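Just the one chain here, the form deposited in one PDB entry, laid out as structure tokens.
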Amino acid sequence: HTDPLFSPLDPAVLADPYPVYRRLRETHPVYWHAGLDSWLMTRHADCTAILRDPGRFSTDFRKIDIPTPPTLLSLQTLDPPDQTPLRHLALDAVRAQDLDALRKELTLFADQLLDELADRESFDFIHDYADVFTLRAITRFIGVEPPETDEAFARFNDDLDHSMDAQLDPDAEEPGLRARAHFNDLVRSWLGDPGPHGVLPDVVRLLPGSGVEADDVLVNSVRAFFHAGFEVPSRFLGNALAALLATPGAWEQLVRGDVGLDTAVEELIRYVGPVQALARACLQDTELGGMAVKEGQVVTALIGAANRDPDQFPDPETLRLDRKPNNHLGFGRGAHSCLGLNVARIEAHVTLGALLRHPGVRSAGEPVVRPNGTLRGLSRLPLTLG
């Protein structure tokens, strides 16, 4: 039953998937994976082509006769032109925010948080820094009061994340829909009482004349915006810090100023960016890598693998913090490219800049990897600031 090349939820693969990605790229760069019921593309050029062609590779699987479950019809699962009013509304609301004000308040918040954590013997960088920091950032950016971070919140997030892998665990589907419904209730409460500033108040202000109805598709889109904004930067910050501490000489290069944060942050996104897989429905027979991809089949762009493709990046398995050029796919391309990438970069630059003021930072225990093959990150990263 085991796949001869790639088992994304095998614990040995979860510990370090990149050698497996590399062997797959070298052997079958366009690979039919029976368990995933999908082609897997591990090369940068093929992944770019998939993301740039919505008429051929669709996010709306209703077009290949798969119904969209409740909570999931949204900006993420519509193609142009159906997607375009929502996409333009979200772009307009995001661009109306003051990124300079956000950077100022996140810089203060990060310094305050790390000063408190430096008073501890050690701490978990994921739960005690990253999740606190990114929940603050996304709720301030949207303009809403944050949810309580209790046990139920954590279990809903785990259920939602695990449902991204529901093709390999069918029982994960219904808990994931319950988690999205839970966060939809949160979004509806926010929409009923918008605050003075933020993405959500501007969405409400821009809705008249946008071509977007204030309906469940909008609610699902705002949920996904919030949930990605909370989780994906946390996944990245943990991956990035873990890579810096594990790579000989990498942290000292930043401490000494031998490399700048601009190229370093981009190289960390290329090296250990959290999004591993972007799936699309094939709407027309297409040849990729000499393989006959058929209408009605699913293709998956393994962009984590693509970002270590030697055809695109010389010495791709090395963390080269001054890497130039660096055309990584970490924020996607085309009609569904990341709407939060400027906020995410601010979070990364702020966090790394703040950590560099504690040069003695070091691991205080083993990292723990989340058992997720689609969105990759850590559940624990024990740390001391020295």
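Residues that one form lacks are left out of the comparison. Sequential numbering from 1, following the sequence displayed. Each form is matched to the other, and the largest set of C-alpha atoms that superpose within 1.5 Å is called the rigid core.
There is another form of the same protein, the form deposited in another entry; it is not shown, and what comes next is about it.
Problem - Only residue that shifts (Cα, 2 Å or more, rigid core superposed) between this form and the one not shown, among 246, 181, 99, 214 - result: The residue that shifts is 181.
Practice task
Determine, after fitting the two forms on their core, whether residue 150 shows a C-alpha shift of 2 Å or more between this form and the one not shown.
Solution key: Residue 150: C-alpha displaced by 2 Å or more between this form and the one not shown.
Problem - Distance trend in the other entry - C-alpha atoms of residue 355 and residue 149, change of 3 Å or more - result: Compared with the form shown here, the C-alpha atoms of residue 149 and residue 355 sit farther apart in the other entry, by 3 Å or more.
Problem - Shift in CA distance, residue 152 and residue 137, in the other entry relative to the form shown here, given it is 3 Å or more - result: Closer in the other entry, by 3 Å or more.
Exercise for the section: Could you point out the stretches of 3 or more consecutive residues whose C-alpha atoms all move by 2 Å or more between this form and the one not shown when the rigid core is superposed? Expected result: Moving regions between this form and the one not shown: 147-156, 174-193.
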